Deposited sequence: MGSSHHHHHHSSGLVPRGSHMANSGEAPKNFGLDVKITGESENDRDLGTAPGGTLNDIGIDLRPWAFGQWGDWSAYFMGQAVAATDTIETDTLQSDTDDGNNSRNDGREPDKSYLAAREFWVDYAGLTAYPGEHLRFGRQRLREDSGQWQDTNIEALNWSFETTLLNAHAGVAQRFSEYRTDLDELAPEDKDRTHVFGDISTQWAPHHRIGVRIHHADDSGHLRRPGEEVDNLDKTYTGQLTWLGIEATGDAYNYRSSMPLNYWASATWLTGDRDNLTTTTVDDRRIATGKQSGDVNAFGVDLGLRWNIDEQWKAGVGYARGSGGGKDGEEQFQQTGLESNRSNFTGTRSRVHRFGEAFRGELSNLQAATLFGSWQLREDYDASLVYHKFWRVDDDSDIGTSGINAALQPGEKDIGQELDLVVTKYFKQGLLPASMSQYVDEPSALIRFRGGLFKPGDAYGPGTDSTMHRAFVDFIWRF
């Protein structure tokens, strides 16, 4: 169930001989996830800089161990990567001493779990570096050091947790991303199934920076904070099988509305090299919405439409929405077993001063195949402000809303007619056509494409 150490993994695979594959089998005490990935990426900077391209292959080995003693359990997953260049073998990885190596080791998850606070097996308390995820992937979908309480039953779901990054636990990164340094997260949610397959809930997330900004006159570099914040997100979300590839309803939907409030102290800088010149404080009062509708046309075919908007601009930036920093924006919103980046495998938009229209169609055959075709159109909301994170590394021209368009294709075979697959092979690709906001001299297209072979043993 929810408690299982691989429950949140997008792969959805089940090792042969595991208790999930056959309930007569004992829970596995160990296993191995093998991933072989090729990545083609050109051009992340749209041709406005040297390099920024990938055509490379890697292997990622993830051994894991699991022990259970009554109400106590413990879990470790490690990671060993070897690649021909620094490709993305891990969809949950984000961002001098932050250059990844072509090969590295990592401690991916390490936690202890206690399920005895209540008699519900859906209720448990987990402590350590662990997978945090909610179904939208837009609040949390990451491996992070946390103390997280989960309560998942038929009629009531609730979670409450605290998290903070202290290390990457990687042989090649020595330092945290500035955004993560000294940032503490506190969060909770409560939701109820008010009708079969219809959920309504509220969600809260609070991020608190205890860091300091560089002082005036000090040089600022890659690894320094751009800002410190006290930010609270308060959201309501309604879903009808929003992310359930096995829905029997003719229509699935999601609707979320999120208010961001709090305050930011922003570092100001000038060039001389970058030098700090001061800081400016201000309140944040921003808003995000994500809406979608999926038609379940028959047993195999689905289609849908999406609309998202993160506010931008406003009186000294108060209306600039942003996400928690723990999000993936990866979800099953196209109604298949395969998770898809909600704002493009190529653009990888953060919902920050961003408006997106989305169309998709998908096809699924039992547990054996799925395919998604996704079209996105992106606009800035305030054309004098930047957007948030994105997989495109090029500057936006002031006064231009048209960010661009994207076409994504995901195609997956699961295997090892198959009841519960234990392996998959997947093509994951996005084609991004930059709009006028990227100005002249840009590449007319860029792409990011992956082939992933995943095996769970």
(message) Should a student be asked to find the unmodelled regions, what ranges of the deposited sequence would be the right answer here?
(response) 1, 97 to 105, 283 to 284, 429 to 438
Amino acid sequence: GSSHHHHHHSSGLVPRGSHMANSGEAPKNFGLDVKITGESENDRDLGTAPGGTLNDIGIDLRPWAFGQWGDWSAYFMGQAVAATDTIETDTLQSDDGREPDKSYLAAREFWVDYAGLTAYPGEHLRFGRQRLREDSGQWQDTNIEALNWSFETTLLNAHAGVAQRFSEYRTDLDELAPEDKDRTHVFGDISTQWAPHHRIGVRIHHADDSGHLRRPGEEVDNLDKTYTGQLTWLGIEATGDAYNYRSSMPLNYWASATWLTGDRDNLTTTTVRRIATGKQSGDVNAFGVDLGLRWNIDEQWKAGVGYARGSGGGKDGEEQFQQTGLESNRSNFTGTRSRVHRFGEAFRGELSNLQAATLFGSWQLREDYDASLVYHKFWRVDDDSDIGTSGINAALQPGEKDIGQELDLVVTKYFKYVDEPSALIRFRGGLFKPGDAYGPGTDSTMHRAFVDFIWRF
From here on, numbers count along this sequence of modelled residues.
(request) Please work out which of 199 to 207 and 217 to 225 has the higher mean CA B-factor as recorded in the PDB entry. (result) 217 to 225
(request) Report the stretch with the higher mean CA temperature factor, choosing between 379 to 387 and 343 to 351 on the basis of the entry. (result) 379 to 387
(message) Sorting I144, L147, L173, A356 by Cα temperature factor from the record, which one lands on top?
(response) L173
(request) Could you check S73, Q130, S248, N329 and tell me which one carries the biggest Cα B-factor in the deposited entry? (result) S248
(request) Classify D180 as lowest, middle or highest third according to the C-alpha B-factor given in the PDB entry, relative to its own chain. (result) middle
(message) Splitting the chain's C-alpha B-factors into thirds, which one does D60 fall into?
(response) lowest
(message) What third of the chain does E400 rank in for C-alpha temperature factor, lowest, middle or highest?
(response) highest
(request) Would you check the entry's CA temperature factor for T53 and let me know if it's in the chain's lowest, middle or highest third? (result) highest
(request) Compare the C-alpha B factor of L46 with those of the other modelled residues in its chain, then answer lowest, middle or highest third. (result) highest
